[PDB]
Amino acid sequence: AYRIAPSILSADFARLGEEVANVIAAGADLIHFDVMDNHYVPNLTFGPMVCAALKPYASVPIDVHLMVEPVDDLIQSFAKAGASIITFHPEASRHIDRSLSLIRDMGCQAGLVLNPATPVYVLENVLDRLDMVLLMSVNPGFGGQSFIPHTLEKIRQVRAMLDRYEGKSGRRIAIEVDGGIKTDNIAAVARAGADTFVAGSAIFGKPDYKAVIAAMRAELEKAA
């Protein structure tokens, strides 16, 4: 089942509860939270108290993407604030295996994020720790950027790795993609092998979230 994860980075921060409720009413499967500390990326967004404040409105799981360094303290705070999934960048933790283990020990699904330049081999020794891999199709920091075409090849490479792992372990690790996903390209991203699609500006930047998500669903029906 394909999952659509609207990114609140593009929402109206003066009415965040309404924005979350409205995108859930439109069919969102996850609420995607882009957490930036002004150090790992050149922008500062929102911390765990924002996650806690939205927990009563989030009848679907909250997916926290940590663009912060280091990561372990915010892993704990976001878990306590109600996150369901936490992902972080391997470059941002000296002890990646420990950080992934901590996410699961805090009760959350765990994942790693690949920047455009980050090789996929960074995943090969932590597959048993992973519930999801997020591939960035833009350079992290900002919404509204354009999908980097080479990401399709990386998605195919990750999918092949995860297909082989599922054959050995029986576990399916999810593939999420974040960056410039639009109705007009979502089918290509799914065809490359992804199953979870983060979109900010394409949804929140439009007047009718129901129409956008339905149009994305119709394109995904073509990829299937």
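When you see a residue number, it is the position in the sequence shown, counting from 1.
Stretches 91-99 and 117-125 differ in mean C-alpha B factor, with the higher average recorded for 117-125. Of the two segments, 200-208 and 13-21, the one listed with the higher mean B-factor is 200-208 (C-alpha atoms only). Highest C-alpha temperature factor among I62, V177, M67, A188, as the PDB entry reports it: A188.
The PDB entry assigns its highest CA temperature factor, among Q109, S146, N139, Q76, to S146.
Among all modelled residues in this chain, the alpha-carbon of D184 has a temperature factor (C-alpha) in the highest third. Sort the modelled residues of the chain by CA B factor and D29 lands in the middle third.
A160 sits in the highest third of its chain by CA B factor, as recorded in the PDB entry. Among all modelled residues in this chain, the alpha-carbon of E166 has a temperature factor (C-alpha) in the highest third. Among all modelled residues in this chain, the alpha-carbon of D72 has a temperature factor (C-alpha) in the lowest third.
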